[PDB]
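A short write-up of the structure that comes next.
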Amino acid sequence: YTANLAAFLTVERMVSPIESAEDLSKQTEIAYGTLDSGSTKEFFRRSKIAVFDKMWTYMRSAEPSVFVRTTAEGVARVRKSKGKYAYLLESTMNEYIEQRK
Amino acid sequence: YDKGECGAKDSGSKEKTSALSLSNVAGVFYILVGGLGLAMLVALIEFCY
């Protein structure tokens, strides 16, 4: 009994996911995606950075589709995925939804 | 690999699952009821001798 209790404490003591772009690209439980047509998706397409090209090749072939039609659907999916989904977008719109109910 | 669903990072320590089981609980019981039935196989011979 005392042996099983210490395992779960250490798994969560790992504190995941940490805040970064690569930690989001390293695990696939909590999936992630962007917008279908816009300056956000085209960013990862022609990115010659190893960390970002990895994120592109994931989402370019991530199934089910991690993309969305509009931005209103993207915020609604992060809420109903129980934290198993993340959304990438500009920092401006990201900071206004955090300050709206 | 890239088009693969089970990605090369899906097996690279992706998740840390954990849950206690009763899987091997038997082994311990697997030796005491054999003693509860043995302490009972030797007890009934001391209340008569």
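Note that chain A is numbered according to Swiss-Prot, with residues 637-737 shown in order.
Heads up, the Cβ atoms here are built off N, Cα and C, so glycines get one too.
The site 'Crucial to convey clamshell closure to channel opening' annotation in Swiss-Prot covers A:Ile654 and is backed by experimental evidence. The secondary structure of A:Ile654 (site 'Crucial to convey clamshell closure to channel opening'), as reduced to three states from DSSP, is coil rather than helix or strand.
Taken from Swiss-Prot, the feature site 'Interaction with the cone snail toxin Con-ikot-ikot' covers A:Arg681. In the three-state DSSP classification, A:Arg681 (site 'Interaction with the cone snail toxin Con-ikot-ikot') falls within a helix. Long-range C-beta contacts of A:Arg681 (site 'Interaction with the cone snail toxin Con-ikot-ikot'), restricted to its own chain and to partners at least six residues apart, with a cutoff below 8 Å, comprise A:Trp692.
Sequence annotations record features per position, and here Swiss-Prot assigns phosphoserine to A:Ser683 (among others) based on experimental evidence.
As annotated by Swiss-Prot, phosphoserine applies to A:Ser717 (among others), with the evidence given as experimental evidence. DSSP gives A:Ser717 (phosphoserine) a coil state; it is part of no helix or strand. For A:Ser717 (phosphoserine), the count of additional Cβ atoms within 10 Å of its Cβ stands at 13 [all protein chains shown].
Neighbour list (A:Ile654 (site 'Crucial to convey clamshell closure to channel opening'), Cβ cut-off 8 Å, at least 6 residues apart, same chain): empty. Just so you know, the Cβ of A:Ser683 (phosphoserine) picks up 14 other Cβ atoms within 10 Å once every protein chain is counted. Calculated from their C-alpha atoms, the gap between A:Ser683 (phosphoserine) and A:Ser717 (phosphoserine) amounts to 28 Å.
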